[PDB]
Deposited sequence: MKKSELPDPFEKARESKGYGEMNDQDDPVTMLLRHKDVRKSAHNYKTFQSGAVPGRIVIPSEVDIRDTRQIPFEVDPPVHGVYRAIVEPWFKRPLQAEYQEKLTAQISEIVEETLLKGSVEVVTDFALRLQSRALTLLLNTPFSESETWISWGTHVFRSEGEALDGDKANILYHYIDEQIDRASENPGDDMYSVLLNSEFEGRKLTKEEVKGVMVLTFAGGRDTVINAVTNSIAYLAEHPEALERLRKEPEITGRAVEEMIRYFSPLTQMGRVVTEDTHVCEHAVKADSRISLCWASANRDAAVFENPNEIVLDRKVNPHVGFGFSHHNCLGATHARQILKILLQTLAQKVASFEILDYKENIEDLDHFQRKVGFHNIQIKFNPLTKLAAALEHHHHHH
């Protein structure tokens, strides 16, 4: 029914192993099989991330930005050095105290929604929850979330973000405090301080990498719980399954469908030739439905123990935001289980990704849902 996300890649995954799409006259070969997505994600020499800024993104962003994202657009061994700088900052959501503040934010927004009765989840719920949670990760004042909410859910809009980041970098530059900007400006890369340009590459990536993905993860979870009262019930009675429930939702929703790489030399994948200087994609969504790897791949098995999903990527570039994202979803699932009796989906419109030969439901442009109290 309505919460379903179908697998548009099945026939091609099983028959050829790959697909094609056009994106700004820079054509893509999509890798669809779990085995191949892993081998290719691991093999950075042949399939590289350190390209012209914006080239590995799909759709390509070469025409809307010049700044290199870090560590996203850097290859090992330099990748490892930058990643070691920011990785302790990204593990902060594992702290008790960070989790209490996040529990209070999510709990407050769930109570407000139970009072309003019905709400438009994408904007009134998911975007608010994501913007506020992000203030904990950046360690900025709560109020900064109102600016981010205003941006909503593309050359001129892009520059709104880039210029905002520059202002923040300059402000922290003059008056160092404890926010992520100040921490990055004071960090060392091989015995010297990071430059503003490097900080900008971390921060643009931090804002852009976690916005849409989190908003869809949150929204798709609510949709799914709305149509599956038995799942809401298991989560209430068996809180111990919550962690595995979150991984299973990231596998099935795969909020980030694919990511590109640039092919450095002539080579083959599934007996198919790919020429140097072209792009492939690591199609995480398809790998996460591979019937050679997952039992019942097109359902949510709420307590799945064996779950080698690639929803957060694989090997070198595995998602730094995963710790933050996981805590958001763990807490959300428990807050709904302990406070909401059931839901009704009242009206919706689907967000379909145009991938040329493939049309992929990634979530909802909007969906109106009623929450009833327990």
Completion exercise
Deposited-sequence ranges lacking CA coordinates, in order, are 1, 155 to 164, 386 to 399
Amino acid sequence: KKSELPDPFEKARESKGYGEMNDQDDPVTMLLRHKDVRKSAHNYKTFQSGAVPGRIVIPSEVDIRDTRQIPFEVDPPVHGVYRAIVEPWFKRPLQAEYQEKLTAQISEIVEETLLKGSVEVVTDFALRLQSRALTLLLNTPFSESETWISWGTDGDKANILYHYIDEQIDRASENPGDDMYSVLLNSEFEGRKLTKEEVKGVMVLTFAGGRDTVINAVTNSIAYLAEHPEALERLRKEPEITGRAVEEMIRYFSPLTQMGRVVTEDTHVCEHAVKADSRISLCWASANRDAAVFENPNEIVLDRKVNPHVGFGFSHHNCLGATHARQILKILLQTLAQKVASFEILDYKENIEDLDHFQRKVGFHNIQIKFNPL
From here on, numbers count along this sequence of modelled residues.
Problem - Selected stretch [higher average CA B-factor]: 225 to 233 or 210 to 218 - result: 225 to 233
Completion exercise
Higher of the two mean Cα B-factors (122 to 130, 273 to 281; per PDB record) comes from 273 to 281
Exercise for the section: Between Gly80, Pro297, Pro176, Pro88, let me know which has the highest C-alpha B-factor in the entry? Expected result: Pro176
Fill in the blank from the handout: Among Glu73, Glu146, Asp156, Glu100, highest Cα B-factor in the entry goes to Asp156
Handout entry: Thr113, C-alpha B-factor rank within chain (lowest, middle or highest third)
Key = middle
Exercise for the section: Grab the CA temperature factor for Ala96 from the record and place it in the lowest, middle or highest third of its chain. Expected result: lowest
Fill in the blank from the handout: On the chain's distribution of Cα B-factors, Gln258 falls within the third called middle
Practice task
Taking the values exactly as deposited, rank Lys196 by C-alpha B-factor within its chain and report the matching third: lowest, middle or highest.
Solution key: lowest
Practice task
State the tercile, meaning the lowest, middle or highest third, of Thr323 with respect to the CA B-factors recorded for its chain.
Solution key: lowest
